[PDB]
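Asker: Provided hereafter are the protein sequence and its experimental coordinates.
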Amino acid sequence: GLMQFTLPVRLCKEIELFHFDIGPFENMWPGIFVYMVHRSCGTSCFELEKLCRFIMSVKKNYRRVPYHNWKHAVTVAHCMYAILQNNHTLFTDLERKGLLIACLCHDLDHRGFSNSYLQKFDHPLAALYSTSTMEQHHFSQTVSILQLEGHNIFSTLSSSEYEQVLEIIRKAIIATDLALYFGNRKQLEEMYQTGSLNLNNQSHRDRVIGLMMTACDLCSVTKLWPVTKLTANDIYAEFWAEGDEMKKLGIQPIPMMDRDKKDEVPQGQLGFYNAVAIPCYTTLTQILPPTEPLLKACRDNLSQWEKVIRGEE
Ligand SMILES: Cc1ncc(C)n2nc(CCc3nc(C4CCCC4)cn3C)nc12
Ligand SMILES: [Mg+2]
Ligand SMILES: [Zn+2]
């Protein structure tokens, strides 16, 4: 109760910034997450023993894949921490509790394959969940772990508060399905620009949290260039393995997943920043002005990919 997590000075200062990298010391990531829960939510939000036990079960249920791993989960939660800390008064007590947990859980038991590969392989999960296949799986795994004995971190919430927090987590995790992002941001764009956006409207909050989830999920493009560049290798290493698996089913993969088209990566990154990243952080910055450093960082990394194409690196 009088037991705070503290971090070394460089981490204590840099963890508050959007571009913070959680580092290569896996054993410090749980501590980092608890630190962020404590400052973002309070030392009273969760029973430390339950929270620690929940964090270690979540870690255990992330797999050793190149990108969609326990490091990604903690990275996505740290970006959410930075958004929440820079927008103190916009979020409910329940939202603050649920969104860091949603972020830590959002890719639980990912196998390194897209929804599309599960459907073409005819994976059991593709019969159980027809759309947002992996994301319904991630939420299902979150509920499983919350129901392990001694793992119910929400035990002190009322029956209806409990139902609301699980409903925030569910919508937040579903929103990390990038297929849903394009329409969600188009609607948020229209609402902001016609002045109809209203944060007392629960369906509007839902959309805004969906956009925050895309922002945190893609936050590799908002890091220092060397972090962005080395993360992009992990991202493509999964896509190229999926491409190999597509070729095994007798299907030419899309170029994104074809390791034979490595040379075109710099141009694929431009399309991605222009079609997905920049629009995401732009609308986010319009809705939550203090999130501007994410947009600014993303624009800097777009300019670094432009330099790569111009053979200036
Ligand atoms: C940086 C980043 N973060 C998150 C996600 C989901 N992605 N997806 C990507 C792929 C971006 C792309 N490359 C290509 C290929 C390049 C070689 C042939 C074409 C196509 N396209 C869309 N980059 C990211
Ligand atoms: Mg995902
Ligand atoms: Zn993710």
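Answerer: Received it, and whenever you're ready, just let me know what you need. Numbers count the residues shown, from 1 in each chain. Ligands and ions are numbered 1, 2, ... in the order given.

Asker: does the closest residue to ligand 2 within the stretch 1-150 of the chain sit in a helix, a strand or a coil?
Answerer: The minimum distance from the stretch 1-150 of the chain to ligand 2, using CB to the ion, falls at residue 107 (4.4 Å). Bear in mind the C-beta positions are built from the backbone N, C-alpha and C, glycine included. Here residue 107 is coil, with the state taken from DSSP: H, G, I helix; E, B strand; the rest coil.

Asker: OK, contacts around the residue nearest to it when sequence neighbours are not counted?
Answerer: With CB to CB, 6 or more residues apart in numbering as the criterion, residue 107 has its nearest non-adjacent residue at 4.9 Å, and that residue is residue 68. By CB atoms under 8 Å, 6 or more residues apart in numbering, residue 68 lies in contact with 62, 107, 110, 112, 238.

Asker: and residue 68, what element?
Answerer: Element membership for residue 68, per DSSP states H and E: none, as it lies in no helix or strand.

Asker: Could you pull out the helices in the stretch 201-313 of the chain for me?
Answerer: 202-217, 225-248, 265-272, 278-287, 292-309 (DSSP state H, counting those that start in this stretch).

Asker: Could I get the contacts of residue 68 in TSV, plus columns for neighbour count and distance to ligand 3?
Answerer: Shown next, in TSV, are the contacts of residue 68 (neighbours: other CB atoms under 10 Å; distance: CB to the ion, whole Å):
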residue	neighbour count	distance to ligand 3
62	21	11
107	25	4
110	22	8
112	18	12
238	20	11
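
Asker: Return the member of these nearest to residue 190.
Answerer: Using CB to CB, residue 107 comes nearest to residue 190 of these, at 29.5 Å.

Asker: Next, work out how far apart residue 113 and ligand 3 are.
Answerer: Computed as CB to the ion, to the nearest Å, the residue 113 to ligand 3 distance reads 13 Å.

Asker: ugh, wrong one, residue 131
Answerer: 17 Å.

Asker: same thing with residue 151?
Answerer: For residue 151 relative to ligand 3 (CB to the ion), the value is 22 Å.

Asker: swap in residue 24?
Answerer: Note on residue 24: its distance to ligand 3, by CB to the ion, is 19 Å.

Asker: repeat for residue 271
Answerer: Distance, residue 271 to ligand 3, by CB to the ion: 20 Å.

Asker: Check the burial of the residue in the stretch 51-200 of the chain that ligand 1 sits nearest to by counting its neighbours.
Answerer: Across the stretch 51-200 of the chain, the shortest distance to ligand 1 (CB to the nearest ligand atom) belongs to residue 178, at 6.0 Å. Residue 178 has 15 neighbours, counted by other CB atoms under 10 Å.

Asker: Which residues belonging to stretch 271-283 are considered buried?
Answerer: 272, 273, 276, 277, 278, 279, 280, 281, 282, 283 (16 or more other CB atoms under 10 Å).

Asker: at contact distance from ligand 1, anything in that stretch?
Answerer: Yes - using CB under 6 Å from any ligand atom, stretch 271-283 comes into contact with ligand 1 via 271, 272.

Asker: tell me which element residue 36 falls in.
Answerer: Element membership of residue 36 [criterion: DSSP H and E] is helix 29-40.

Asker: So which elements touch that helix?
Answerer: Here helix 29-40 touches helix 48-60, helix 70-85, helix 93-105, going by 3 or more CB pairs under 8 Å, 6 or more residues apart in numbering; DSSP states H and E.

Asker: at 10 Å what do you get?
Answerer: Here helix 29-40 touches helix 9-14, helix 48-60, helix 70-85, helix 93-105, going by 3 or more CB pairs under 10 Å, 6 or more residues apart in numbering; DSSP states H and E.

Asker: For residue 224, which of the ones you listed is the nearest?
Answerer: Among those, helix 9-14 sits nearest to residue 224 (CB to CB), with 10.8 Å.

Asker: So which elements touch the closest one?
Answerer: Packing contacts for helix 9-14, counted by 3+ CB pairs under 10 Å, 6+ apart, involve helix 29-40.

Asker: can you list the residues of the stretch 1-150 of the chain near ligand 3?
Answerer: residue 107 (CB under 5 Å from the ion).
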